[PDB]
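**Q** Please read through the structure below; I'll follow up with questions.
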Amino acid sequence: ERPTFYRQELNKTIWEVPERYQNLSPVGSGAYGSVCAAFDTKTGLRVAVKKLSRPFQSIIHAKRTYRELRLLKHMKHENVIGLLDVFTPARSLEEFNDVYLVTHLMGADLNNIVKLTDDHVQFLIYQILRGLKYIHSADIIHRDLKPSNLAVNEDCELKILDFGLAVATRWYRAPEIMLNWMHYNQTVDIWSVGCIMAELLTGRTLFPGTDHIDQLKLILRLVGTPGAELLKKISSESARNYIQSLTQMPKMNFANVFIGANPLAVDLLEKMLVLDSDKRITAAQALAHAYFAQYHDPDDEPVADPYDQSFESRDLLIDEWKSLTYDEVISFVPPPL
Ligand SMILES: CN1c2c(-c3ccc(F)cc3)n[nH]c2-c2ccccc2S1(=O)=O
Ligand SMILES: CCCCCCCCO[C@@H]1O[C@H](CO)[C@@H](O)[C@H](O)[C@H]1O
């Protein structure tokens, strides 16, 4: 049956949680909720508890809430955030208005952790890529990988987050996103990883654009203007004509850009940071790159179970998304101790 709950007020709102969770302490807030650190008396683990804000205020919010819970319920991988628990104080669908998500407490994000040694870069990028192999295998694309969406502990264990605690986002974004391309490759994320890896190696933001146009300018300086091969695939006439009006520039030699870096790191960067998304290295191919030779184990880089995202194309009523979310809360099975 239902545990007993207790109420208290934190970050200008009421938190009602199971007694099992003790010593709540705010850690931060993001765009869709706020997070407290707590002690889970059942496991002796330190956990992060996220309370969603206004989860069912509109159709938009209600579907978002559902998307988040479905996503977090599916992730079962060491380098991806997963769900220890999900709960609501509501005893029925009728009173259901609040959702709390529980995961392992992590020490810091990669913002906060950044000068790294080459071995640390290796292990951190390895883990990112291992997590990405898993997410991508389910046909999920992150789309906003950046250092504040990557949580890390003092032993350098790393997890990909859906949303961190809120460094421009545009700095890590694939150029196709900024050109508002219709559809996206799973290697929009690889671009991001390339930007992150570069920054870990050099201690400097690779492409610190002031806006999307400045961003592309900085990108094209490094990687050069598109070639005839890439122009063949651009359906937008305005994009083509503009791209072809640019003063052409050749790709820079990355060994000179990343002076002193492990040449294996440099070689990997050159495979990530290609403008043509079809030519970027995949997360699965990257894991086998020699740069990760001390960590790569092909028998321990698993794929995910298929994930059904058909709900994304449905237009439902605010109470229907709420009821579907309530069902997900009710059917949650905790992971083993
Ligand atoms: C995992 N947590 C989290 C979460 C989070 C996300 C979803 C949940 F269900 C619970 C926490 N978002 N951001 C953080 C986070 C970011 C940087 C360092 C530490 C943390 S956290 O441990 O509070
Ligand atoms: C001026 C800089 C613009 C460079 C844009 C290059 C983006 C190229 O990547 C493109 O990604 C698409 C998936 O989104 C694919 O459908 C295309 O085949 C691929 O070439």
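Using full-length UniProt numbering, the letters of the sequence shown map in sequence onto residues 4 to 117, 121 to 172, 183 to 353.
We put the CB at the ideal spot given by N, CA and C, even for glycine.
In the DSSP assignment, find the unbroken alpha helix (DSSP H) run with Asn100 in it and report its ends.
**A** Careful: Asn100 lies outside any alpha helix (DSSP H) and carries neither H nor E.
**Q** By alpha-carbon positions, which one of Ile146, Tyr69, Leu333, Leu108 ends up nearest to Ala157?
**A** Of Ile146, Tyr69, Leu333, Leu108, the residue nearest in Cα terms is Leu108.
**Q** Taking all protein chains shown into account, do 16 or more other C-beta atoms lie within 10 angstroms of the C-beta of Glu245, making it buried, or fewer, making it exposed?
**A** It is exposed - the Cβ of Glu245 has fewer than 16 other Cβ atoms within 10 Å.
**Q** From what residue to what residue does the beta strand (DSSP E) around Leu167 run?
**A** Note, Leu167: premise wrong, no beta strand (DSSP E); not H, not E.
**Q** What number of angstroms, rounded off, separates the C-alpha of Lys139 from the C-alpha of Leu164?
**A** If you take the alpha carbons of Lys139 and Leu164, they lie about 14 Å apart.
**Q** Candidates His77, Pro92, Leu27: which alpha carbon is nearest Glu19's?
**A** For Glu19, the nearest C-alpha among the options comes from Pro92.
**Q** Using the C-alpha atoms, what's the distance from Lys79 back to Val319?
**A** Those two C-alpha atoms are separated by around 10 Å.
**Q** Here's a check: name, in chain order, each residue in its chain whose Cβ is nearer than 8 Å to the Cβ of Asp161, leaving out the five neighbours to either side.
**A** So the list is empty, once near-sequence residues are dropped.
**Q** For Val89, which beta-bridge partners are listed by DSSP?
**A** Answer by DSSP bridge pairing, in chain order: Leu104.
**Q** For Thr44, tell me which candidate among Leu27, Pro191, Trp187 has the shortest Cα-Cα distance.
**A** Among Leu27, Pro191, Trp187, the Cα nearest to that of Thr44 belongs to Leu27.
**Q** Please classify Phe59 as buried or exposed, where buried requires at least 16 neighbouring CB atoms within 10 angstroms.
**A** Under this definition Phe59 is a buried residue.
**Q** For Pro242 versus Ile259, is the C-beta spacing smaller than 8 Å?
**A** Against a cut-off of 8 Å, the Cβ pair of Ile259 and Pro242 comes out as a contact.
**Q** Since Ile141 is in the alpha helix (DSSP H), which residue starts that stretch and which ends it?
**A** That run of the alpha helix (DSSP H) goes 124-143.
**Q** At a threshold of 7 Å, does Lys79 count as lining ligand 1 (C-beta to nearest heavy atom)?
**A** It does not: the Cβ of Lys79 is nowhere closer than 7 Å to a heavy atom of ligand 1.
**Q** Grab the span of the beta strand (DSSP E) containing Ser37 for me, first residue to last.
**A** Looking at the DSSP string, the run of the beta strand (DSSP E) that includes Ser37 is 36-43.
**Q** In terms of DSSP beta bridges, what is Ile17 paired with?
**A** Per DSSP, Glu12.
**Q** Suppose contacts are defined by Cβ-Cβ distances below 8 Å. Is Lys76 in contact with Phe348 by that definition?
**A** Yes, Cβ-Cβ distance for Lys76 and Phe348 is below 8 Å.
**Q** Report buried or exposed for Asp112, applying the criterion of at least 16 other Cβ atoms within 10 angstroms of its Cβ.
**A** Result: buried.
**Q** What distance in whole Å lies between the Cβ atoms of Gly137 and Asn82, which are believed to be in contact at a cut-off of 8 Å?
**A** Their Cβ separation, rounded to whole angstroms, is 3 Å, which keeps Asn82 and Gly137 in contact under 8 Å.
**Q** Rounding to the nearest angstrom, what Cα-Cα distance links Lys121 and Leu216 in this structure?
**A** In a straight line, the C-alpha of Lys121 is about 7 Å away from that of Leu216.
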